[PDB]
Amino acid sequence: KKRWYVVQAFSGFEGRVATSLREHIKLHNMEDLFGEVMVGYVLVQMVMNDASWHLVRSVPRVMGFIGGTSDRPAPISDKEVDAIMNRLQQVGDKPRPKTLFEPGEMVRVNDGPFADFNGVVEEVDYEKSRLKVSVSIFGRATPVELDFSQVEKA
Amino acid sequence: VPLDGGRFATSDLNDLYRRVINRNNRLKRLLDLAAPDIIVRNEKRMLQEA
Amino acid sequence: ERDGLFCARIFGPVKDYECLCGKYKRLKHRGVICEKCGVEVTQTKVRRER
Amino acid sequence: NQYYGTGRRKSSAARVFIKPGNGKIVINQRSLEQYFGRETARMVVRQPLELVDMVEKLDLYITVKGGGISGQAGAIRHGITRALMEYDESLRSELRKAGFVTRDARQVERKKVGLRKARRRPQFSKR
Amino acid sequence: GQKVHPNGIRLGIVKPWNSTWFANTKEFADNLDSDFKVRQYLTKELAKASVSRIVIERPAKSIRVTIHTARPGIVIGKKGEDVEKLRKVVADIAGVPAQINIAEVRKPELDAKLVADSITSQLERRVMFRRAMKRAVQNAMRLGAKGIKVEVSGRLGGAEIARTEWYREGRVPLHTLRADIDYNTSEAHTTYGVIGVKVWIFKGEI
Amino acid sequence: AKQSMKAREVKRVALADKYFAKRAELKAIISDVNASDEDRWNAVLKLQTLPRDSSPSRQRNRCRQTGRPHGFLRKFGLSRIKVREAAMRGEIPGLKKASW
Amino acid sequence: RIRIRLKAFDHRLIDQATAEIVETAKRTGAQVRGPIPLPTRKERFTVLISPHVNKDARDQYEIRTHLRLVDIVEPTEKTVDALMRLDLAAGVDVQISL
RNA sequence: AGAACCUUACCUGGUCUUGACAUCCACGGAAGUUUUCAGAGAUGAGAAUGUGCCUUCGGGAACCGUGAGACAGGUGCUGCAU
């Protein structure tokens, strides 16, 4: 049975740390002691022998494990690791797709002449990447189209 | 203030405050979607040291 | 920056009595927080005390 | 060049473009013969022509859209008679001596309240 | 009975609406019912105040009453005090903030609503109905009105068979739609029954 | 107009705003094609244990002022009598005795 | 670039109010398409007037709502605030779609 | 300008009476929510949970009930009182 552990790398070289880790596994052929490697923190399916611990800390650009102690480092509480990974993935879409999607949802404007005003998105357009929200100008909610980054979720 | 060339010669306190704010934003993100105990213990410890 | 280490609304306007860019370029309404970018309207040494 | 007269019979709206040339009739990218040229007394599409310009050395480009058949047949006729503008009252006088120039402003009546068909009242009985 | 209402026939011609705002179909009803709530509540408590008309505006999630009286010093109390005692309750029923306005009428004997309450207040104070009526006709022609017509009907005089007597002076043309004829109706709860007053005031030919 | 029958109307809009639009889902897709076994049959049983009120078909749409059940008008919310006396006053915007 | 679609019940008001909504724009943005009228929605309610029998005396009513378009040309920030934030005439709906 | 119940005022039967709807008084409980049995339903018995707002906290009133008398209710009659 292989349990999970958390590895700290130099933040920014993380994919290269993951590749070098897979390659050190297939060099020192402890293939039965490593399951996966998930992506500044690298998740490793592993078991705990001191040989495999020295292996992971001899992988370059790796600081060390993160646990209660350095003698017997600590598996994984996985309290919101999935949600952290979800965020990492979502970020991609949130930026690339920028799916402007909101209805009856209140938003916030911080761009253009509508800056410093709130309103609701009566219509949303993920394909056109535009949100239809009206901003109470002189009381009159002036339905205007704002980008996801042009306005903030309320 | 910048130097002769034009590159801004930045003070040390701006590095310190910018580090504390970068870490505090990361720790708040580790309170919304968040992540397990060991992660937020290292995150709060890096904020403490910052 | 809009709301960074060196903000406008949190502290004050870089230029003396100038709000931000296209708003208040004379001496009549010292204080109005323009919509273009949230900013105070004061002198140049006001940020040193804030 | 290019000349025009509208015609607006019975909520149908015609656009008659008259120009010298061929002797064909184009009605809304159809010919006359295929549109209603076998239907219901089409004569009014030519009734001004066999009155004055028997030669018909002018081709008519008609685009009518709007209501029913005979109103569209009539709105064309008011369109052509108003389209004799370069060939004016030297010969539009005899147009007025056969009528032919009025809008024939006769709309249908609005159904009044109480009644059934704007004049037909629903059969009272004395007892 | 058989005559058309003189103001409701002239809304697009001379007399403006007593409530001007736009609303689409979704909010047309609950604006209208809250609009009824400000009219019944104001005349509930402005009975001493001699109030004629309450015009209503709605500038974009706002309510703006406009109260036409002949006693503007009474409703404000001192320095507009009781104005914002009325603002507090009309903000409850309308749910939005409320700006209150007021314009006086210096000629209360020239509008139909106040000459009705110049009559319908006295009829429960056991005045003879011909005396209150004829005084109202003399008061309007004294103040330079081009026409006046006032009609009372009911069990007036403590009778049992109802009557309908009416007095007039000058010119009151109800078929000339150019006329800005002010018309308003009121009633009078006496001991024997209600008395309906109907007063027409013809102000000018155009 | 029968103030009890006005009060019977106002309790029915509350029950329609507490149960249904939130418990009309039991008839929405749990009465649609799925596992249409006793899971569906229980849901067809389980909406009769709701009150005999709280369905929107029980609502009458009486007048807003007089509560008159007939002659309603779903643009204004009034009956046909109370819309006419108000319109000739000028309580209703943009409306007049028109003719075409 | 920005459709300005405005609705009101009075025709002498909605057409008066469209004169200044381009005068607050051509002063600064200096390019508007033009005042475009739109076909009006006439909603009719013909209904009984007596409180009982005589269902032959009805009174025809009609509420006319009008629509106007000007569809301003230039999306310069100055013009945007001079229309979006500066809305006038209470009782006149105006709705904008950029 | 629209009755399957609703509407509905009519009928049989089951019910409650200061009442379903308003103001007032004295008490007690935030209000609310979830769920179970008995019942044709109205209702009855609960069982759980929530326990917020201003403070003189001996509070008060948004709100649910119980008792008090004023009263409330009436699509009951008379269009030949209006």
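Reading guide: rules and limits
For every chain, the first residue of the written sequence is numbered 1, i.e. counting runs from 1 onward, and this need not coincide with the entry's numbering; residues without coordinates are not included. The lettering of chains begins at A and the numbering of ligands begins at 1, in the order of writing. Shown here is not the whole assembly but part of a larger one, and the values apply to the part shown. Excluded from the side-chain calculations are hydrogens and water; all other atoms, namely the structure's heavy atoms, are used. Residues with missing side-chain atoms are left out of burial classes, side-chain pairs and their counts. For helices the rule is a DSSP run of H or I covering at least 4 residues; for strands it is a run of E covering at least 2, with both sets numbered from the N terminus onward. A radius of gyration in this sense is built from C-alpha atoms; the matching globule rule multiplies 2.2 Å by the number of residues raised to 0.38. Think of it in three bands: with a 1.4 Å probe and only protein chains considered, a residue is buried below 20% of the maximum accessible area for its type, exposed above 50%, and partly exposed in between. Note on areas: Shrake-Rupley, 1.4 Å probe, and residue coverage restricted to the protein chains presented here. Charge assignment in this entry is limited to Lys and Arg as positive and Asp and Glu as negative, and neither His nor the chain termini are counted. Throughout, a charge is located at the NZ atom of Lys, the CZ atom of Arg, the CG atom of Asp or the CD atom of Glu. Within 3.5 Å is the distance limit for a polar contact, defined as a pair of N or O atoms, with the added protein rule that one can donate a hydrogen and the other accept it, and that residues adjacent in sequence qualify only through two side-chain atoms. Residues are treated as being in contact if the distance between any of their heavy atoms lies within 4.5 Å. The pairing criterion is simple: DSSP has to find at least two bridges between the two strands. Each axis is a line fitted through C-alpha atoms, taken for helices only over the stretch in contact, and angles between the N-to-C directions span 0 to 180 degrees.

By the method listed in its record, cryo-EM, this PDB entry was determined to a resolution of 4.55 Å.

**Section: the overall build of chain F**
A count of helical and extended segments in chain F gives 4 helices and 1 strand. Helices and strands appear in chain F in the N-to-C order α-α-α-α-β. Taken over C-alpha atoms, the radius of gyration comes to 20 Å for chain F, far larger than the 13 Å a tight globule of 100 residues would show. Seen along its three principal axes, the alpha-carbon backbone of chain F occupies a region of about 60 × 35 × 20 Å. A total of 100 residues make up chain F; the buried ones form 32% of that total. Here chain F has roughly 6,400 Å² of accessible surface; of this, 51% comes from carbon and sulfur atoms. Of the side-chain charges in chain F, 25 are positive and 10 negative, and the distance between the mean point of each set is 14 Å.

**Considerations on the side chain of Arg-10 of chain E**
All names here are of chain E. On the secondary structure map, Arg-10 appears in the segment before β1 (19-20). For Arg-10, the side chain forms a polar contact with the main-chain oxygen of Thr-176, separated by 2.9 Å. Within the structure, the side chain of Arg-10 is placed 3.1 Å from the backbone oxygen of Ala-179, a separation counted as a polar contact. Filtering out sequence-adjacent residues up to four positions away, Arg-10 remains in contact with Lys-15, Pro-173, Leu-174, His-175, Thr-176, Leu-177, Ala-179 and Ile-181.

**Examining the sheet that holds strand β4 (residues 62-65) of chain A**
Strand pairing in a sheet relies on backbone hydrogen bonds. The paired strands run either parallel or antiparallel. All names here are of chain A. The antiparallel open sheet is built from 4 strands, whose spatial order is β2-β3-β1-β4. The open sheet has two free edges, formed respectively by β2 (34-38) and β4, since each of these has just one partner strand. Sheet twist, expressed as the average angle between the axes of neighbouring strands with direction ignored, equals 30 degrees. Note that strand β1 (residues 3-9) and β4 share 3 bridges and pair antiparallel.

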